[PDB]
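Read the single chain below, which is given as structure tokens and is the form deposited in one PDB entry.
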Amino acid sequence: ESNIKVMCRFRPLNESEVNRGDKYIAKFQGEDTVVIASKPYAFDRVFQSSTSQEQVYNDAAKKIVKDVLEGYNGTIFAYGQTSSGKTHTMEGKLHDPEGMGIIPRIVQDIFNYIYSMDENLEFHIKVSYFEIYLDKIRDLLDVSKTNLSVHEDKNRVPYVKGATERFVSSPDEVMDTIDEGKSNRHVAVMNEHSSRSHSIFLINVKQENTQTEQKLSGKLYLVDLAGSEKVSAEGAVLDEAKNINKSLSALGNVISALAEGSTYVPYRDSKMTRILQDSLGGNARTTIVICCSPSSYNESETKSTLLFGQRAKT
């Protein structure tokens, strides 16, 4: 009923960390569940370390991509604490086909589809890239715009006023756009390269059918979530933490309302969920990719992650 799928990916394992003296802590009872500290967590799918990039994309994103090319909206969330493998899962290696993670594979599927239609279909792809930072909407493609707003049009379709829309005509133009924006996202520092905001990448695929003169329009949102911080330097990083946690809780409330089939879903309680209202719940398709470390050293954070993912399971 909810249309939301939660998928948990576990990472290997690496040499540097085996030499520190860590245990694997994660046990699997089938395609379903991960068991950590004797507690079971069931999801829509659990990927162990042997699961390839391509098969993660196939399970998580491929049919969402098809649906947007058929005129639907969709959303993919990436959640994980640092070193959970969130970036390997979402981006991977640029031009490596085995290889590349979810986002470049999406871009590759879209343009293959386009190239294979050629005659019959005319495409215009608009991309946007912005972050939710300290509850402000900042454009990552134009840093001069640091405080945008969300609105609804006449048919209650959400839009970000003033956000940069770039036309793109090839996979390279798309990845370039991603890179420009990454260079502007708020990161920091006792972890390391720690996102201090949520990022939203929008792929808007507009179609016109040559033969029939009929238009199609689909929105695909790629949301990279900053991890919840258990922070009590009591200054700007504090404000960052409290905002990250609130927005995650607001998202979790909506996610949970949808998963439990609530007749009222509280989209209004945060800027992100207002932005995502036509692409999260209803006839939209969503995958939540939560990334976890197997390491014993990470055990409480992957627990934090798993429980957040559970807010979304029916």
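Here the rigid core means the biggest group of C-alpha atoms that line up within 1.5 Å when the two forms are laid on top of each other. So that there is no doubt, residue numbering starts at 1 and follows the sequence shown.
One more form of this protein exists, namely the form deposited in another entry; it is left out here, but the text below deals with it.
Compare C-alpha positions between this form and the one not shown after fitting on the rigid core and state which of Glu98, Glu165, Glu152, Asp172 moves by at least 2 angstroms. After core superposition, the one over threshold is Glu98.
Does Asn253 move appreciably between this form and the one not shown, meaning a CA displacement of 2 Å or more on the superposed rigid core? Shift of 2 Å or more: no.
Taking the rigid core as the reference frame, tell me whether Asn184 has a CA displacement of 2 angstroms or more between this form and the one not shown. Yes, its C-alpha moves 2 Å or more.
C-alpha of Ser49 moved at least 2 Å between this form and the one not shown on rigid core: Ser49 C-alpha, core-superposed: shift of 2 Å or more.
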